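A structural walkthrough
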Amino acid sequence: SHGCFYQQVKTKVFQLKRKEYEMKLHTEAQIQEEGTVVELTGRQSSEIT
Amino acid sequence: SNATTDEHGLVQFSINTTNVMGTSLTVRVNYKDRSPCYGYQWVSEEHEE
Amino acid sequence: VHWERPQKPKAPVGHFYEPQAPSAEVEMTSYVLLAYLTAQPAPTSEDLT
Amino acid sequence: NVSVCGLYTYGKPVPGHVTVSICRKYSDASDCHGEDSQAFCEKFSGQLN
Amino acid sequence: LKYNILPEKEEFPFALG
Amino acid sequence: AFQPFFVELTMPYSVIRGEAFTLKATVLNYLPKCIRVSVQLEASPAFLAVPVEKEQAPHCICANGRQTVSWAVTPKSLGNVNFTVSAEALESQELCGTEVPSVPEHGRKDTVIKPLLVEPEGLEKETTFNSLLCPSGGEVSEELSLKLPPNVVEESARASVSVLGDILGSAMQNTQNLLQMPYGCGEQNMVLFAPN
Ligand SMILES: *[C@@H]1O[C@H](CO)[C@@H](O[C@@H]2O[C@H](CO)[C@@H](O)[C@H](O)[C@H]2NC(C)=O)[C@H](O)[C@H]1NC(C)=O
Ligand SMILES: *[C@@H]1O[C@H](CO)[C@@H](O)[C@H](O)[C@H]1NC(C)=O
Ligand SMILES: *[C@@H]1O[C@H](CO)[C@@H](O)[C@H](O)[C@H]1NC(C)=O
Ligand SMILES: *[C@@H]1O[C@H](CO)[C@@H](O)[C@H](O)[C@H]1NC(C)=O
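Residues numbered from 1 in each chain as written, not as in the entry; some residues may be left out. Chains lettered and ligands numbered in written order. Part of a larger assembly, values for the part shown. Heavy atoms only, no water.

This entry lists cryo-EM as its structure determination method and reports a resolution of 3.9 Å.

As annotated in the PDB entry, chain F is Alpha-2-macroglobulin from Homo sapiens. Its PDB title, taken directly from the record, is "(h-alpha2M)4 plasmin-activated I state".

As annotated in the PDB entry, chain D is Alpha-2-macroglobulin from Homo sapiens.

1. Quick look at the overall build of chain F
Where we set the bar: Elements are defined by DSSP. Helices are runs of H or I of four residues or more, strands are runs of E of two residues or more, and each kind is numbered from the N terminus. Throughout, radius of gyration means the C-alpha value; the globule benchmark is 2.2 Å times the number of residues raised to the power 0.38. Throughout, exposure labels follow a simple rule: accessible area from a 1.4 Å probe, protein chains only, divided by the maximum for the residue type, with under 20% read as buried, over 50% as exposed, and the rest as partly exposed. By definition, residues are in contact when any of their heavy atoms lie within 4.5 Å. What sets the accessible areas is the Shrake-Rupley method with a 1.4 Å probe; for residues, cover comes only from the shown protein chains.
The secondary structure content of chain F amounts to two helices and 10 strands. Going from N to C terminus, chain F has its helices and strands arranged as β-β-β-β-β-β-β-β-β-β-α-α. The C-alpha radius of gyration computed for chain F amounts to 31 Å, which surpasses the reference 16 Å derived for 196 residues by more than 25%, pointing to a less compact arrangement than a globule. Counting the 196 residues in chain F, one finds 24% classified as buried. Long-range pairs, those at least 24 residues apart, make up 73% of the contacts in chain F between residues at least 6 apart in sequence. For chain F, the computed accessible surface area is about 14000 Å², with 57% contributed by carbon and sulfur atoms.

2. Details of the sheet that holds strand β9 (residues 115-119) of chain F
All names here are of chain F. Going by this rule: At least two DSSP bridges between two strands are needed for those strands to be called paired.
Strand order in the open sheet made by the three strands is β2-β9-β7, with mixed pairing throughout. In this open sheet, the two strands that pair with only one neighbour each are β2 (14-16) and β7 (81-82). As paired elements, β2 and β9 share three bridges and run parallel to each other. Bridge pairing in β9 links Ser-14 to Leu-117.

3. So, the arrangement of the chains
By contact count, the dominant pairing among the seven pairs of chains in contact is that of chains E and F. Nowhere do chain B and chain E come into contact; their C-alpha atoms are at least 40 Å apart.

4. Examining the interface of chain F and chain E
Defined as follows: Buried area is understood as the total, over both parts, of accessible area removed when two parts are fitted together, assessed with a 1.4 Å probe. Any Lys or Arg side-chain nitrogen located within 4 Å of an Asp or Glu carboxyl oxygen qualifies as a salt bridge. Polar contact is defined as a pair of N or O atoms within 3.5 Å, subject to the rule that within protein one atom must be able to donate a hydrogen and the other to accept it, and that residues adjacent in sequence are counted only when both atoms are side-chain atoms. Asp, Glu, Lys and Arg are counted as charged, while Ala, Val, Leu, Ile, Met, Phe, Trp, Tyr, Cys and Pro are counted as nonpolar; the rest, among them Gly, fall into the polar class.
With 16 residues of chain F at the contact, the number on the chain E side is eight residues. In total, about 1300 Å² of surface goes out of reach between chain F and chain E, with carbon and sulfur atoms giving 51% of it. Together, F:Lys125, F:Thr127 and F:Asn151 form the three largest contributors to the area buried by chain F at its contact with chain E, with a combined 40%. At the surface where chain F touches chain E, the tally comes to zero salt bridges. Where chain F touches chain E, the interface holds 10 residue pairs in polar contact. Broken down by class, the residue content of the side of chain F that touches chain E amounts to seven nonpolar, four polar and five charged.

5. With respect to a negative patch on the surface
Residues and elements named next belong to chain C. Applied cut-off: Each patch is built from salt-bridge-free residues with over 30% relative accessible area, joining like charges within 9 Å and nonpolar side chains (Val, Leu, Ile, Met, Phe, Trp, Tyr) within 5 Å. We count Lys and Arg on the positive side and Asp and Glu on the negative side, and we leave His and both chain ends out. Here the site of a charge means atom NZ of a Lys, CZ of an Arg, CG of an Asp or CD of a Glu.
A surface patch of negative charge is lined by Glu-4, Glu-18, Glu-25 and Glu-27. Considering the arrangement of structural elements, one finds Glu-4 in the segment before α1 (27-35). Given a relative accessible area of 36%, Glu-4 falls into the partly exposed group.

6. Notes on the layout of surface pockets
Operational definition: A cavity, in this analysis, means grid points on a 1 Å lattice covering only the protein atoms where a 1.4 Å probe fits yet has no way out; a pocket is instead an open set bounded by protein on both sides within 12 Å along at least five of seven lines, and a residue lines either one if it has an atom within 4 Å of a point. Grid points are joined across faces, edges and corners, and a volume is the space filled by probe spheres set on the points.
Of the volumes computed, that of the largest pocket is approximately 780 Å³. Residue lining of the largest pocket: 20 residues in total, with F:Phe129, F:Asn130, F:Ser131, F:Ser162 and F:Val163 positioned closest to the centre. Counted by class, the lining of the largest pocket contains 11 nonpolar, eight polar and one charged residues. When its volume is computed, the second largest pocket comes out at roughly 670 Å³. Lining the second largest pocket are 16 residues, and of these B:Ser1, B:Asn2, B:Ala3, B:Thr26 and B:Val27 sit closest to its centre. Considered class by class, the residues forming the lining of the second largest pocket number seven nonpolar, six polar and three charged.

Listed below in structure tokens is the structure:
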């Protein structure tokens, strides 16, 4: 209700290595009292150089 | 020559210049190669030079 | 027993493929195997041991 | 499709616990000196009746 | 040859308890 | 062969004279009768056995039923040392199952004499020597005396000599293998010339 969501994830599943590719990050809010959501398209170019 | 990082990584080298024409420069913190297992054809890591 | 070269080259070296450094580890002993060996009259115990 | 029937003295069925590691191999890691070649190995367990 | 050793080296210094 | 009811052990090929170890004696049943056992083993001077689950006597094991116990054991002698473990069925103690007739052969009890290895206690370690004495027309002699009894235990001191000429262990392969055509540049040419 006050503040916002938190989640400090683990990243082993990705295998941030040669041939698995750039990280796209799309978040979806099942808000209350509407059934409405939208999503924000952010941080998609996180080059693990 | 050798130097280190300050609080901001900032370094200020300087050079005595009584030399021949076409100079060409570089510095590194690692040696001139992708030190851990660079020859495999499947190596995914580096350091900028 | 044997000898090496000095067990590592002190400078940054190696990485793979013995580049400009074929490790030259035996011929050093081969000539030693001459060294203890060859003389004018004939050899002894210690040399041959 | 999997199973196990681990024989015993006289080929009897013998009780206990069991686990098994199906193992695909040689995945995207460089496999060399910091990288395990072991690819997706599902480990599946049984109780040996 | 072979043989067995280390029956010793259990001493009592202070060692801060 | 078979046995519908016996006892099996579980213990390594070898142990060390120093540290202690459990010996686990497992007892198995397959014939339909379900009977308690008095499984045990005589304690003999070449070791020290101590069980953990004696006072609680076994209950029973039925067809395709098996039990197991332990002996926190440690050896005393050195070498192969028999482990004679004895077990037998029982009668008129019908507390676990329905009945306990328990009338097997004269060999109703599986008493199993089994010799397992031990090494002497502690971190072992080696010691080495050598020689050469090649009189090509005369004589030579020599001596080698050998003592390290500081802070050891007895007679693990042991050794073994060698007598030979050592020249042929690699003679075959490298020789016959290594004859090749000349090709290549002057460098390669010498490289393949000179070995010959
Ligand atoms: C302890 O184990 C040894 C074997 O390590 C037994 O020695 C055998 O004895 C039988 C007769 O009792 C001989 O037929 C065998 O030849 C012996 N061993 C071998 C392989 O030759 C010994 O009997 C066991 N018990 C005692 C008390 O020593
Ligand atoms: C670089 O030079 C300094 C002295 O100017 C020396 O103390 C230091 O050891 C050198 N760096 C390295 C990597 O040794
Ligand atoms: C840098 O070194 C050169 C070496 O000849 C010297 O001539 C020059 O004076 C130096 N730079 C200075 C201290 O201004
Ligand atoms: C595999 O096992 C299933 C039972 O889980 C069986 O129905 C089938 O016939 C077996 N063979 C297959 C599916 O290849």
